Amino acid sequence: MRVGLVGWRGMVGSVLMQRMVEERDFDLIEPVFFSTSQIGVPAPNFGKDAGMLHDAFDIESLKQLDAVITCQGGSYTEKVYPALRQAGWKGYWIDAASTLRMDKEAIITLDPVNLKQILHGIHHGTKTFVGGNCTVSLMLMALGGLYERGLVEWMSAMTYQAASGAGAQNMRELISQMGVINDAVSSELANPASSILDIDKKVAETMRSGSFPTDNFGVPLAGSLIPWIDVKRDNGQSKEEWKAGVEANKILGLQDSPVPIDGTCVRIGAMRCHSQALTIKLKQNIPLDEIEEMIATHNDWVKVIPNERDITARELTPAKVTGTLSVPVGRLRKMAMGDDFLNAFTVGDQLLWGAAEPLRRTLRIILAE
């Protein structure tokens, strides 16, 4: 099987390449690397000599592939995908971009949750598989056990999303802002007797100055937060908040009687892990022990963290989860509103299960079929 890799050099592409090498996926395929700016240059060697970098916009060369995994971006897909399908290409298009996500011909891939849907799609001619919004994937990887049993009446999700989710330059900007903040008061901080209010005044002024690097976020992120991600929609939601409801329900195949999912998506100063504080209304008053069981047994990556202070601080955080495929869920308890109200706090790496991993897994499933 000849598999084309587009967008392998970017952020999500690099995590994918790294994962494909670790799982030795290249041993199972004939890799062909593409580029939109380094055509002709020798292709990267991840174990196999793939030759030179091909032209990512050459529909005719793309047509000779059996599948394509693209991490290039939405505009790329919009430009190339239509022309490629129209050229008669019937190969598998595995995309990280949100472009085709809601197309009737496409399946949002998150196999630990919807393997059956994916298989039925493969067995019935579906050739387009798209990774879901990073936030949706991480939410379902944590609560799949509940949704799977149709136990969720509705769910409010307040998120704490990492800078990396907006882009590599956004992550760089976050760390730069951190340095600028510290630079401004490094002397005072070194002086044990310095005034905290003096340090505070200086930090606020620094964050508010024109020199503070905010090209990418538009406003400060380090030392602050931004309660709005992506474009505004007519009902007042941001596109980020809207995606949760429509994507989760498509993944679960609940379009006919969707579960209401809503909340506020907030950008915080975390590097690359998204965390979510959920208010889950259950259709029944299930004993907490059984709830923890349903959650834990859903997949190999979710992890129920005991509702104890010390352990929660050490394991239910971005510092702990970053760079791993682990999806811890903690603070599980019934809420003051009633025993059919379940509180849950989860953390997940949005570059792995939230981006690269489903693409990886989808190729292995297709190969296995």
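Heads up, when I say rigid core I mean the largest set of C-alphas that superpose within 1.5 Å between the two forms. The first residue of the sequence shown is number 1, and the count goes up from there.
Superposing each structure in 4 other deposited structures of this protein on the rigid core shows that the farther-lying of 306-314 and 46-54, by root-mean-square Cα distance, is 46-54. Larger root-mean-square CA separation from the shown form, computed after a rigid core fit of the structures in 4 other deposited structures of this protein, is seen for 188-196 when 237-245 is set against 188-196. Stretches compared: 142-150, 76-84. Higher mean C-alpha B-factor in the entry: 76-84. In this entry, the higher average B-factor at the C-alpha atoms falls on 232-240, of the pair 232-240 and 172-180. For the set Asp300, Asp58, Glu308, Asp340, the maximum C-alpha B-factor listed in the entry falls on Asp58. Looking at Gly223, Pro260, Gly125, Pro213, the one whose CA carries the top B-factor in the deposited record is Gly125. When the modelled residues of the chain are ordered by C-alpha B-factor, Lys116 sits in the highest third. Looking at the C-alpha B-factors along this chain, the one for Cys71 belongs to the middle third. In the deposited entry, the Cα temperature factor of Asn191 places it in the highest third of its chain's modelled residues.
The entry lists a Cα temperature factor for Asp198 that places it in the middle third of the chain's modelled residues. Among all modelled residues in this chain, the alpha-carbon of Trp89 has a temperature factor (C-alpha) in the highest third.
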